[PDB]
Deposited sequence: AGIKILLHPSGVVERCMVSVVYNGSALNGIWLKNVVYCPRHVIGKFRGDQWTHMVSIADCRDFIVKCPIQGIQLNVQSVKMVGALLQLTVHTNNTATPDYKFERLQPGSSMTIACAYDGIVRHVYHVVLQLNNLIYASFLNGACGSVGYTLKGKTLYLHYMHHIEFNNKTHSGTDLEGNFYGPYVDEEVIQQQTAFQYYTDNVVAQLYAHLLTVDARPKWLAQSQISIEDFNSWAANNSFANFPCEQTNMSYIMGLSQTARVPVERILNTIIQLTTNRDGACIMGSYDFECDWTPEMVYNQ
């Protein structure tokens, strides 16, 4: 039982460099459109973006695709949400079947971290209930995408925008809308309190009992799901189950492990003195 990531080859063939008057980041090239963060044209705030994008000369958008050796030429600039839709002359012949899918908190995705239009590293994250990811990005990485795959169909979920001072990262879906109440502005932005995605904590504990001698810190007594949820409301744990569809997986793991979920939940409560606690294992990934 490993943390599984999706192969990045399809994403690599679409990544492009986007350089606008001394500001460099990444973008993705699908059909005849290149999607990049809008702050490549400057550091603006509020409703200045509409007018500021309209005064942007397309000749200044230097766009290159390193994998294909092509230099793209922009014909029109359209702002959609917090993203820029740059229409180019050439259609990307490497464009796959793709979908723009929003992620619900607690779901996983593969980050294709890129620089200068080239994907450098690939790693795994789960969108937390505070609508932040705990990723890793340096200067010039904006425009990196978080994606999943399902039968050679690219599911784009995320594009990176901003890093906060507690090693948190925020971006948009590919429709241009941020996750949570965060924006692309260099100011302090109040984050909602952290809360554990309980379904995923349950998934990690079951992953441990399946890849190891049942440990000593495993609780000996059961607790009802309802008693856990009254406890969870005062200990920053999400109401269980967070996703009703996860019970098909969780109950299946409870069979393979011969440990009922009621015992796993009481173990979560007793591990409070030790208590980040990590919601990186989803029940789908552990079961399949």
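A.B. asks: Extract from the deposited sequence all ranges with no corresponding C-alpha coordinates, numbering residues from 1.
C.D. replies: Absent from the structure are positions 1 to 2, 215, 279 to 287, 301.
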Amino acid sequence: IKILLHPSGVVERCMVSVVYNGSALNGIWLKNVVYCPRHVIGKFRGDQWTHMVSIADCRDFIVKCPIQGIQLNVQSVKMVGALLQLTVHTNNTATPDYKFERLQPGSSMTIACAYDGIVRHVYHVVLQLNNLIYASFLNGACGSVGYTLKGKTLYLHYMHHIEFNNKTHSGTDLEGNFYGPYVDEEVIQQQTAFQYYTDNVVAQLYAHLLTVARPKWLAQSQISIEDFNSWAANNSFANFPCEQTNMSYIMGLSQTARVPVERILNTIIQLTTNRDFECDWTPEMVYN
From here on, numbers count along this sequence of modelled residues.
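Here the rigid core means the biggest group of C-alpha atoms that line up within 1.5 Å when the two forms are laid on top of each other.
A.B. asks: Between 129 to 137 and 213 to 221, where do the CA atoms move more in 5 other deposited structures of this protein, taking the root mean square over the structures and residues after a core fit?
C.D. replies: Of the two stretches, the larger average C-alpha offset in 5 other deposited structures of this protein falls on 213 to 221.
A.B. asks: Looking at the entry, does 125 to 133 or 190 to 198 show the higher mean C-alpha B-factor?
C.D. replies: Higher mean C-alpha B-factor in the PDB entry: 190 to 198.
A.B. asks: Going by the mean C-alpha B-factor recorded in the entry, which is higher: 42 to 50 or 66 to 74?
C.D. replies: It is 66 to 74.
A.B. asks: Per the entry, which of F228, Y35, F237, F61 tops the list for Cα B factor?
C.D. replies: That would be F61, according to the entry.
A.B. asks: At the C-alpha atoms, which of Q204, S107, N139, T93 reaches the highest B-factor in this entry?
C.D. replies: Comparing C-alpha B-factors across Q204, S107, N139, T93, the top value belongs to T93.
A.B. asks: Taking the entry's C-alpha B-factors for this chain, is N26 in the lowest, middle or highest third?
C.D. replies: Tercile = lowest for this residue's CA B-factor.
A.B. asks: Should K152 be placed in the lowest, middle or highest third of its chain by the C-alpha B factor in the entry?
C.D. replies: Tercile = highest for this residue's CA B-factor.
A.B. asks: Considering every modelled residue of the chain and its Cα B-factor in the PDB entry, is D184 in the lowest, middle or highest third?
C.D. replies: Lowest third, going by the recorded CA B-factors of the chain.
A.B. asks: Is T172 in the lowest, middle or highest third of its chain when residues are ranked by C-alpha B-factor?
C.D. replies: For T172, the deposited C-alpha B-factor lands in the middle third.
A.B. asks: When the deposited Cα B-factors of this chain's modelled residues are ordered and cut into thirds, is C279 in the lowest, the middle or the highest one?
C.D. replies: Tercile = highest for this residue's CA B-factor.
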